[PDB]
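Structure record follows, encoded as structure tokens.
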Amino acid sequence: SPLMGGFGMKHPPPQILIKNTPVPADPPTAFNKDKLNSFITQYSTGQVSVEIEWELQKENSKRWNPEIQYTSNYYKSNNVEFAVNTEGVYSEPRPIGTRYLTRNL
Amino acid sequence: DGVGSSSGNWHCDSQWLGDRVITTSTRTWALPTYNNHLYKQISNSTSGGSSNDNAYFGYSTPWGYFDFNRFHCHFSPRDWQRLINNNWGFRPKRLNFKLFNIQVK
């Protein structure tokens, strides 16, 4: 199990590598054997989509009293947590774990 | 059936399906003799009432009655927490009622 947290796999999702194909500038009219070092300045943009299906393990606890749950605080604040600021900057105000429900040992 | 055979089992559990939750609750009850098997006319005069706003007339019966018209009679605190944290609405659909293991002393 990865020490930083997560799922350890011998064959994880493969690395996806992307590069802009070089586009040479105008070459000299006389042959030169050296590799070209004059290229048209280029960059690329586009959209990327990733879809992941997750399997869930539902809880079947017989605990009587209510569990601890992650919840936002109703108390008034200048900004909504996990939202944008007045300058459009998105922020994550706190780390959120996964361990709120309980089960016996 | 017979004296030495139970007429029912203890059923108390909650079953959570996709769009439905089934709550079952079993309780032990005690029923005394009310009014010494008599019907009695009652009123604010019999109870000593004086105010016009609290005057009444009615009858007290030797019968008891079963009441389960409170949510905690069916939902445990954890089930209630699940219902309120995971659903936009709910409503009762059908009812099953049982009396068993009668013991007269």
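Here's how to read the names in the structure tokens: chain A, B, ... by the order shown, residue numbers from 1 in each chain, ligand numbers from 1 in the order shown.
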Near chain B, which residues of chain A fall within 6 Å when you count only C-alpha atoms, and what do they look like as a PyMOL selection string?
-> chain A and resi 64-66
Within 12 Å of residue 41 of chain A, counting only C-alpha atoms, which residues show up once you throw out same-chain ones fewer than 4 positions away? Write them as a list in words, please.
->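 Selected residues are residues 20, 21, 22, 23, 24, 25 and 37 of chain A.
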For the residues in that selection, give me C-alpha atoms as a PDB file, in the first residue's frame.
```
ATOM      1  CA  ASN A  20       3.882  19.079 -30.074  1.00  0.00           C
ATOM      2  CA  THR A  21       5.456  17.843 -33.294  1.00  0.00           C
ATOM      3  CA  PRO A  22       8.323  20.211 -34.203  1.00  0.00           C
ATOM      4  CA  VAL A  23       7.666  22.372 -37.257  1.00  0.00           C
ATOM      5  CA  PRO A  24      10.956  23.550 -38.809  1.00  0.00           C
ATOM      6  CA  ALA A  25      11.327  27.109 -40.045  1.00  0.00           C
ATOM      7  CA  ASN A  37      17.572  24.170 -34.770  1.00  0.00           C
TER       8      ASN A  37
END
```
Would you please give, as an MDAnalysis selection string, all residues of segment 23-90 of chain B that DSSP assigns to strand (DSSP E or B) based on the backbone?
-> chainID B and resid 23:24 40:43 57:60
Print the selection's residues with C-alpha atoms to a file, as a PDB file, in the first residue's frame.
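The file below, result.pdb, is the result:
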```
ATOM      1  CA  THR B  23     -38.476  -0.294   9.516  1.00  0.00           C
ATOM      2  CA  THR B  24     -39.510  -3.027  11.949  1.00  0.00           C
ATOM      3  CA  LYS B  40     -67.665   6.087  32.942  1.00  0.00           C
ATOM      4  CA  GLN B  41     -69.048   9.470  31.956  1.00  0.00           C
ATOM      5  CA  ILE B  42     -66.386  12.142  32.470  1.00  0.00           C
ATOM      6  CA  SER B  43     -66.470  15.932  32.358  1.00  0.00           C
ATOM      7  CA  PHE B  57     -67.826  16.059  28.218  1.00  0.00           C
ATOM      8  CA  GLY B  58     -66.896  12.522  27.287  1.00  0.00           C
ATOM      9  CA  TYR B  59     -66.457   8.920  28.343  1.00  0.00           C
ATOM     10  CA  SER B  60     -63.581   6.815  29.644  1.00  0.00           C
TER      11      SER B  60
END
```
From B:98, B:89, B:84, B:74, residue lying nearest residue 22 of chain B [only C-alpha atoms] |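 Closest to residue 22 of chain B, using only C-alpha atoms: B:74.
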Output as number ranges by chain all residues of chain B that backbone DSSP marks as helix (DSSP H, G or I).
-> B: 35-37, 52-54, 71-73, 77-86
